[PDB]
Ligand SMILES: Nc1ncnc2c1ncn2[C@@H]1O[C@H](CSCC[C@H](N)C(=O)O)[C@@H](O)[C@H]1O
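A single chain, nothing else alongside it, follows as structure tokens in the form deposited without the ligand.
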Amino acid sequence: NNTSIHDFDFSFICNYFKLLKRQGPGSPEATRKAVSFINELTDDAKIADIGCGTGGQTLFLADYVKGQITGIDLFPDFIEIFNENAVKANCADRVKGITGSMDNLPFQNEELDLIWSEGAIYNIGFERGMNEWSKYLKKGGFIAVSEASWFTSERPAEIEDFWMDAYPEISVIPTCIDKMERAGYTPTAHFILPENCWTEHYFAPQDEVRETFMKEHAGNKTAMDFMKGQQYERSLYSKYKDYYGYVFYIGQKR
């Protein structure tokens, strides 16, 4: 009970993450590195960041590429924060957030030059996203998504159980690449995100908001179980990091 991520209201899991810049591992270097594999864009390019959350990673993407960037998320609270940050970053003219589904995007067929997504705020699955987002991408356009992947053929039961529950579609890197290619994209590149994408840019920032959050919800049993949960995930990383991590996959629609 309360040991699984599936055991929490969505308006609850988000009431916590709206306090953070990133809802998943990542970094300015990792984003910059993924961009080094796509074609250069102009101010007239159309880019979509699916499951943008509060937009932390979306703003770093805007520093490395030109074009109109539309951030899409299911939770309206995240979008509200996203537009506030774009305003605070003085780029709300080219960086806009809207609410919407990840499996039925508000775009025309072949309207985008780039599709971007870094594991955060719900997930429809790697294979499904590869095949479904395709229609919205111009031919020759690029897709770049970061995802939790297995780094070995087999791992300790503890980490496997964890993922078979949190995200059952997690697979070895070879399988992700195979799925990217079958979805019609040339598998341009893949690279494992450095440890700092986890510790420095994801876990640490949570140490900041911890205090206020605890003071406020120390009386709420469900909230304290959520916290013990996040702390569990952090300790799972320090312990099993050699068996899993985030991987950036970049591909070009054929």
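Residue indices: 1-based, along the sequence shown. We call the rigid core the largest set of C-alpha positions that still match within 1.5 Å between the two forms.
Higher mean CA B-factor, judged across 173-181 and 119-127 from the recorded values: 119-127. Higher mean CA B-factor, judged across 56-64 and 212-220 from the recorded values: 212-220.
Highest C-alpha temperature factor among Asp113, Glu147, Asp73, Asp165 per the entry: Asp165. Ranking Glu29, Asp207, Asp49, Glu40 by Cα temperature factor from the entry places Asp207 first. Per the deposited record, the Cα B-factor of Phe191 falls in the lowest third when ranked against the other modelled residues of its chain. Among the modelled residues of its chain, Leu105 has a C-alpha B-factor that falls in the highest third, as given in the PDB entry. Placement of the Cα temperature factor of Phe226 within the chain: highest third of the modelled residues, per the deposited record. Per-chain ranking of the deposited C-alpha B factor places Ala157 in the highest third.
The PDB entry assigns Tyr246 a C-alpha temperature factor belonging to the lowest third of its chain's modelled residues.
Omitted here: the form deposited with the ligand bound. The next part is about that form.
Placing the ligand by C-alpha superposition of the site, using its position in the deposited complex, leaves the pocket blocked: at least 3 ligand atoms lie within 2.4 Å of backbone or C-beta atoms here.
Although the partner is absent here, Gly24 sits close enough that one of its heavy atoms falls within 4.5 Å of the ligand in the deposited complex. Mapping the unseen interface onto this chain, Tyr136 falls outside it, with no heavy atom inside 4.5 Å of the ligand in the deposited complex. Remark: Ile173 does not count among the residues lining the ligand in the deposited complex, judged by a heavy atom distance of 4.5 Å or less. In the deposited complex, the ligand sits within 4.5 Å of a heavy atom belonging to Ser101. Exactly one of the stretches 151-159, 70-78, 89-97, 164-172 approaches the ligand in the deposited complex with heavy atoms within 4.5 Å, and it is 70-78.
The partner is absent here, but in the deposited complex a heavy atom of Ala120, alone among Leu112, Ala144, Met180, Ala120, sits within 4.5 Å of the ligand.
Only one of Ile81, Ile121, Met130, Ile115 has its Cα shifted by 2 Å or more between this form and the one not shown after fitting on the core, and that residue is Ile121. Distance between the C-alpha atoms of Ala92 and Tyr122: longer by at least 3 Å in the deposited complex than in the displayed form. Note: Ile121-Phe126 Cα separation is 3 Å or more shorter in the deposited complex than here.
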